[PDB]
Amino acid sequence: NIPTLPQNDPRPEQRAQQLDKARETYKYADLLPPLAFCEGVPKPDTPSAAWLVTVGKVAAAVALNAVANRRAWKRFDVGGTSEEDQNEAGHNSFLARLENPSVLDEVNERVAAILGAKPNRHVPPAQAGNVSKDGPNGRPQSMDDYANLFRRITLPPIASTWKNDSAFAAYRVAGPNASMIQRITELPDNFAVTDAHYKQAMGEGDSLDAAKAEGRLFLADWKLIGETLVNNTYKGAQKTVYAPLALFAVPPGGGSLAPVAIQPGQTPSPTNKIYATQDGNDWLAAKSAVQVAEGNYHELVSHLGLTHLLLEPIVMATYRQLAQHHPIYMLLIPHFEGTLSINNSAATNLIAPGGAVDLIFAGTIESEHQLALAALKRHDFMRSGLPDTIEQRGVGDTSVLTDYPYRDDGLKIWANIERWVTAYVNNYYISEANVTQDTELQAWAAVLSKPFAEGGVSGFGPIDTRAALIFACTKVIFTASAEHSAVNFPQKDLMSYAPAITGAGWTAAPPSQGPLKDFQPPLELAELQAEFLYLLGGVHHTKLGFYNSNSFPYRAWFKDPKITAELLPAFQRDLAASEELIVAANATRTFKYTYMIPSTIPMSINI
Amino acid sequence: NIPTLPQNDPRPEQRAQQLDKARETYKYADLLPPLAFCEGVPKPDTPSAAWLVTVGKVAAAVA
C-alpha cells in the first residue's frame, strides 16, 4: 500500500466513503467550551494494554505509598489494602501480559481516582464531611512531614536543593516551563530594579547598565496570571497566587542564568516592593511566590493549554478530513496515540470541578480554565516554531546565555523532525499544485483555520505551500513529542515535592510571616500533589522515530517501502545522532536535562 | 475559667486544635449567592427545647 493524495486516488468513491464513515466515529462534544472536543473516547482510540500495563504499575506504586502514609498516621484494614494492591501488580505482570479484564476497569479507574482526587483511594473492587483522619492531613508539625510523604516513591533530588539560588534559576532554562524568559534592554517601568539589587547578585564589579547593553539581562513575567485567576479557598484556608516579575542575568562574557530581583505584584505599592538577593527570608519567599505562579502557568499554559488542548482540534480534524489513504494522515495519526483518551481524562477529572487542580492550585477551577483559554487564544500557530520563538524572546546567543538546555537540546530535535517531515512531504507532494488541489488537506485546513471562537486553532493557516505543510506537521509532531516531553515529565522529577513548587502559597505573601512550614499546603493536598504528578510524569509510552500500531501486534505502521526501507531510517539515524550529542552534553551538566533525549521522547501525548 | 487572648494563652496548642475541630463543625455553604452560609444546621446550634416549646405554643394557635 502506497498513500496518495485524493485527486490521484484511483478509487475516490471508496476513499471518500471511508471519510463519511469516519466523521461518524469522530463527532464533536462540548466537554470544554470554546474548544473543539471529541465526544467520549472512540473505540479504536482505546488505550493499548501496553499503555495500561505501563501505567498500572505506576498507579499501583502511588497507591502503595498512600497506604504506607496510612500506617504512619496512627503509628489489618490498611494491611489487607496493601496486599490487594500488590496482587494487582501480580495481575499486571502476568494477566494482560499473556497478550495472545484487569487492564479494563482497574487501571483506568485508578488513574481517575488519583486525577479526580477521590478519597477512599486505597483498593478497587473492595467496595465491601472532612478528610479522613487515618491518613496525613491538616497542618504539619515540621517540614519533615512533606519529605516523609514520599514512602514507597523516591523523594526527587530537587527536594534537597530547591533553596539554592542556582536551582531557582535552573527552573527557567531547564525546568517544567522552560520557555518563559525573554531578553530585555530596558527594564519595565513597573519593575525598576536598582544597581544595589544587581551588585548583591552579580558582584560589585558588574553593573546593571553593563548587562542590558551586552544583552545579559533576561526577564520573566507571569503577568497573565493576574489578568485571569481568581483566588479560591480550601475549607476556609485562603490560597493565593501573584503575578510576579523576576529578573535574571548572566556573568560578563557568558555563563549560566542567575536571579537578580523579584517583585511579587505587577504594580508597585507600599505592599508590593522589589525583593533582592540579600533579603534573607523575604527573598526565599519571593522565589517561593514565583514558583507558585509557574506551577499554575506551567500546568495550564505551558502544559495542558499548549500541548494537550492545542492538539485536540488537530487530531479531530485529521480523522474527519484526511482519508486513511492520505499520506499526511500517515505522517500524523501515529503521533496522536492516546491523545484522544488522555484529554477525556483531563477534561472530565483532572481539571473538572472537585479535581486535583481545583484543590491543590490557587485559582478557582473556572479561572484556571480561563487561564488556559487566554493562552490558547493569543497563540500564533504559524509563528510558534521552536527556532521562531527563540529569536522572539532573544535567547538565541549561545555565547552569552550558554546554559539553556531546553533551547540547545530542543533545537536539535526540532531540526531532526523538520528534516524528516521535509523528506516526507516532498516525496508525496512533488508539485505545488499537489497542495492546492488537495481537497482533503484544504478541507482539513478550513476547519483548523476557523476563528478561535468556533473551535479553531489561533494563527493557523493558510497552508498553501509545501513550506506551510512542512511547518504545520513539524510543529504538530514537535509538540506531540519533544515539546510535550519538556512539560510533562518534569512533573515527576521537579514538581512532586510541595515546598519545591506547588499550585498555592498558603500564607499571604513574600513578606515572611513565620516558620516556613506555614507557606506550604496541607498534608492531604501535599500528598495528592506528589501522587498525581508522579503518575502523569512517570509513564514513558511509545518512542519518537518508531511507528507502530495501537494493537497487540504493535507491527510496523508504515507500508510504503520508500518510507520504511529508506526515509524513516534516515530519521531514526538522525535522532540517534542527536542522542549522542545530548548525552555527551548532559554528563558535563550538574542540573541534568533528559527530556530531549530521543530514547525517551514519546510519539504522542498520552499521560 | 477565665477567658484569654491567644498570645497570652498558657495552653496555646490545645487552643489551636479546638479551632481546627470548630472549623469542621462550622463549614461554609452557598445557600445564597454572594453570601456565606452554614452547611445545614450544626448540632450545637440546633434549637433549644425552650425555643421549640415557646414556638410550638404559637404554631398551634396558627394551626
# chains A, B, ... in the order shown; residues from 1 in each chain; ligands from 1
$ interface_residues --of "chain B" --to "chain A" --cutoff "8 Å" --atoms "only C-alpha atoms" --output "PDB file with N, CA, C and O atoms, in the first residue's frame"
ATOM      1  N   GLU B  24     -14.348  22.192  61.558  1.00  0.00           N
ATOM      2  CA  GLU B  24     -15.048  21.053  60.973  1.00  0.00           C
ATOM      3  C   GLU B  24     -16.554  21.195  61.140  1.00  0.00           C
ATOM      4  O   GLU B  24     -17.316  20.937  60.202  1.00  0.00           O
ATOM      5  N   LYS B  27     -18.755  24.636  58.756  1.00  0.00           N
ATOM      6  CA  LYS B  27     -18.293  24.779  57.385  1.00  0.00           C
ATOM      7  C   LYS B  27     -19.143  25.807  56.641  1.00  0.00           C
ATOM      8  O   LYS B  27     -20.214  26.213  57.096  1.00  0.00           O
ATOM      9  N   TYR B  28     -18.655  26.220  55.475  1.00  0.00           N
ATOM     10  CA  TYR B  28     -19.335  27.212  54.655  1.00  0.00           C
ATOM     11  C   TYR B  28     -20.124  26.552  53.531  1.00  0.00           C
ATOM     12  O   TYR B  28     -19.799  25.451  53.078  1.00  0.00           O
TER      13      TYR B  28
END
$ select_by_dssp --residues "range 6-164 of chain A" --states "alpha helix (DSSP H)" --output "PyMOL selection string"
chain A and resi 12-25+49-72+77-94+105-115+144-149
$ residues_around --residues "residue 241 in chain A" --least-positions-apart "3" --cutoff "7 Å" --atoms "only C-alpha atoms" --output "list in words"
residues 292, 293, 362, 504 and 505 of chain A
$ write_last_selection --atoms "C-alpha atoms" --output "mmCIF file, in the first residue's frame"
data_model
loop_
_atom_site.group_PDB
_atom_site.id
_atom_site.type_symbol
_atom_site.label_atom_id
_atom_site.label_comp_id
_atom_site.auth_asym_id
_atom_site.auth_seq_id
_atom_site.Cartn_x
_atom_site.Cartn_y
_atom_site.Cartn_z
ATOM 1 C CA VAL A 292 3.578 29.166 42.824
ATOM 2 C CA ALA A 293 2.851 31.207 39.698
ATOM 3 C CA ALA A 362 -4.758 28.641 43.924
ATOM 4 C CA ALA A 504 -0.736 27.633 46.054
ATOM 5 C CA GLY A 505 1.001 29.644 48.737
#
$ residues_around --residues "residue 39 in chain B" --least-positions-apart "4" --cutoff "10 Å" --atoms "only C-alpha atoms" --output "ChimeraX atom specification"
/B:25-31
$ write_last_selection --atoms "C-alpha atoms" --output "compact mmCIF listing (two decimals), in the first residue's frame"
# COMPACT_ATOMS: atom_id res chain seq x y z
CA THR B 25 -18.43 21.67 62.62
CA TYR B 26 -18.96 25.13 61.11
CA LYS B 27 -18.29 24.78 57.38
CA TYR B 28 -19.33 27.21 54.65
CA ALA B 29 -22.05 26.75 52.03
CA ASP B 30 -23.59 28.63 49.12
CA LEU B 31 -27.22 28.53 50.26
$ residues_around --residues "range 429-437 of chain A" --least-positions-apart "2" --cutoff "10 Å" --atoms "only C-alpha atoms" --output "CSV table (one decimal) with C-alpha atoms, in the first residue's frame"
chain,number,residue,atom,x,y,z
A,4,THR,CA,-1.7,9.0,-2.3
A,5,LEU,CA,-3.3,12.5,-2.5
A,6,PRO,CA,-7.1,12.3,-3.1
A,7,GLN,CA,-7.0,13.9,-6.6
A,8,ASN,CA,-4.7,10.9,-7.6
A,327,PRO,CA,-0.1,10.4,3.3
A,424,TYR,CA,8.3,13.1,3.8
A,425,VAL,CA,6.2,15.9,2.3
A,426,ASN,CA,8.4,16.3,-0.8
A,427,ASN,CA,8.1,12.6,-1.6
A,439,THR,CA,-9.3,18.8,-1.4
A,440,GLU,CA,-8.7,17.0,1.9
A,441,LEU,CA,-5.7,19.0,3.0
A,442,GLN,CA,-7.6,22.2,2.2
A,463,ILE,CA,-1.4,26.0,4.3
A,464,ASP,CA,-0.9,27.0,0.6
A,465,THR,CA,2.8,26.0,0.3
A,466,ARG,CA,4.8,22.8,0.7
A,467,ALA,CA,6.7,25.0,3.2
A,468,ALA,CA,3.4,25.7,5.1
A,469,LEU,CA,2.6,22.0,5.2
$ atom_distance --atom1 "CA of residue 144 in chain A" --atom2 "CA of residue 21 in chain B"
23.8 Å
$ select_by_dssp --residues "chain B" --states "strand (DSSP E or B)" --output "PyMOL selection string"
chain B and resi 28-29+37-38
$ atom_distance --atom1 "CA of residue 411 in chain A" --atom2 "CA of residue 181 in chain A"
16.5 Å
$ closest_residue --among "A:182, A:594, A:384, A:92" --to "residue 490 in chain A" --atoms "only C-alpha atoms"
A:594
$ atom_distance --atom1 "CA of residue 538 in chain A" --atom2 "CA of residue 86 in chain A"
18.8 Å
$ residues_around --residues "residue 346 in chain A" --least-positions-apart "5" --cutoff "8 Å" --atoms "only C-alpha atoms" --output "ChimeraX atom specification"
/A:115,351-352
$ residues_around --residues "residue 287 in chain A" --least-positions-apart "3" --cutoff "12 Å" --atoms "only C-alpha atoms" --output "short mmCIF file (atom, residue, chain, number, x, y, z; two decimals) with C-alpha atoms, in the first residue's frame"
data_model
loop_
_atom_site.label_atom_id
_atom_site.label_comp_id
_atom_site.auth_asym_id
_atom_site.auth_seq_id
_atom_site.Cartn_x
_atom_site.Cartn_y
_atom_site.Cartn_z
CA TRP A 162 15.46 23.88 45.89
CA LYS A 163 16.53 26.72 48.21
CA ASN A 164 19.76 27.43 46.31
CA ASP A 165 19.60 30.46 44.03
CA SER A 166 21.33 28.39 41.34
CA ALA A 167 18.44 25.91 41.27
CA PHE A 168 15.77 28.61 41.29
CA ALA A 169 17.42 29.80 38.07
CA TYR A 171 13.86 26.15 36.74
CA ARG A 172 13.65 28.80 33.99
CA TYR A 242 0.65 36.55 42.43
CA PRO A 244 5.48 38.29 39.67
CA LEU A 245 8.18 39.95 37.60
CA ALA A 246 11.53 38.23 38.15
CA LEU A 247 14.80 39.44 36.62
CA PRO A 259 18.47 35.62 39.77
CA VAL A 260 18.61 39.36 40.41
CA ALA A 261 15.32 40.73 41.77
CA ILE A 262 11.68 39.70 42.27
CA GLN A 263 8.57 41.87 42.54
CA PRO A 264 5.55 39.74 43.50
CA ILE A 274 11.13 44.54 44.96
CA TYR A 275 12.92 41.78 46.87
CA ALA A 276 16.63 41.22 46.21
CA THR A 277 19.25 38.52 46.51
CA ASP A 279 17.00 39.95 51.74
CA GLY A 280 17.30 36.60 53.55
CA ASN A 281 13.87 35.20 54.37
CA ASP A 282 11.83 37.71 52.35
CA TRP A 283 13.98 36.55 49.41
CA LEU A 284 13.36 32.83 49.88
CA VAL A 290 7.43 32.93 41.87
CA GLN A 291 7.27 29.13 41.88
CA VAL A 292 3.58 29.17 42.82
CA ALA A 293 2.85 31.21 39.70
CA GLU A 294 4.88 28.94 37.41
CA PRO A 499 7.91 23.14 49.01
CA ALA A 500 9.91 22.99 45.78
CA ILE A 501 6.88 24.12 43.74
CA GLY A 505 1.00 29.64 48.74
CA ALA A 509 2.83 36.90 50.63
CA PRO A 510 6.63 37.14 50.15
CA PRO A 511 6.82 39.35 53.29
CA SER A 512 7.84 36.50 55.58
#
$ closest_residue --among "A:210, A:300, A:155, A:38" --to "residue 339 in chain A" --atoms "only C-alpha atoms"
A:38
$ decode --residues "range 10-23 of chain B" --atoms "N, CA, C and O atoms" --output "compact mmCIF listing (two decimals), in the first residue's frame"
# COMPACT_ATOMS: atom_id res chain seq x y z
N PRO B 10 -1.78 30.28 78.13
CA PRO B 10 -0.73 29.38 78.63
C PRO B 10 -0.77 27.99 78.03
O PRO B 10 0.23 27.27 78.13
N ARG B 11 -1.89 27.59 77.42
CA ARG B 11 -2.03 26.28 76.77
C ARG B 11 -2.42 26.50 75.31
O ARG B 11 -3.55 26.20 74.91
N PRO B 12 -1.50 27.02 74.48
CA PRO B 12 -1.89 27.52 73.16
C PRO B 12 -2.11 26.46 72.09
O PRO B 12 -2.88 26.69 71.16
N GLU B 13 -1.43 25.31 72.18
CA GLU B 13 -1.62 24.30 71.14
C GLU B 13 -2.95 23.58 71.29
O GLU B 13 -3.60 23.26 70.28
N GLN B 14 -3.37 23.32 72.53
CA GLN B 14 -4.73 22.84 72.77
C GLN B 14 -5.77 23.83 72.26
O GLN B 14 -6.83 23.41 71.77
N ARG B 15 -5.49 25.13 72.36
CA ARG B 15 -6.38 26.14 71.82
C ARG B 15 -6.50 26.04 70.30
O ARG B 15 -7.57 26.30 69.75
N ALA B 16 -5.41 25.65 69.61
CA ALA B 16 -5.45 25.58 68.16
C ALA B 16 -6.23 24.37 67.68
O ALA B 16 -6.94 24.44 66.67
N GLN B 17 -6.11 23.24 68.38
CA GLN B 17 -6.83 22.03 67.99
C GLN B 17 -8.33 22.20 68.13
O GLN B 17 -9.10 21.62 67.35
N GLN B 18 -8.77 22.98 69.12
CA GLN B 18 -10.20 23.27 69.25
C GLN B 18 -10.70 24.07 68.05
O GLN B 18 -11.79 23.81 67.54
N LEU B 19 -9.91 25.05 67.60
CA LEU B 19 -10.30 25.82 66.42
C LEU B 19 -10.24 24.98 65.15
O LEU B 19 -10.99 25.23 64.21
N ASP B 20 -9.35 23.98 65.11
CA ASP B 20 -9.34 23.06 63.98
C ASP B 20 -10.58 22.17 63.99
O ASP B 20 -11.13 21.86 62.93
N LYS B 21 -11.03 21.76 65.17
CA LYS B 21 -12.25 20.98 65.27
C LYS B 21 -13.49 21.85 65.10
O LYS B 21 -14.49 21.39 64.54
N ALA B 22 -13.44 23.10 65.57
CA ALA B 22 -14.57 24.00 65.39
C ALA B 22 -14.80 24.29 63.91
O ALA B 22 -15.94 24.43 63.47
N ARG B 23 -13.72 24.38 63.13
CA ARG B 23 -13.85 24.60 61.69
C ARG B 23 -14.37 23.38 60.94
O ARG B 23 -14.79 23.52 59.79
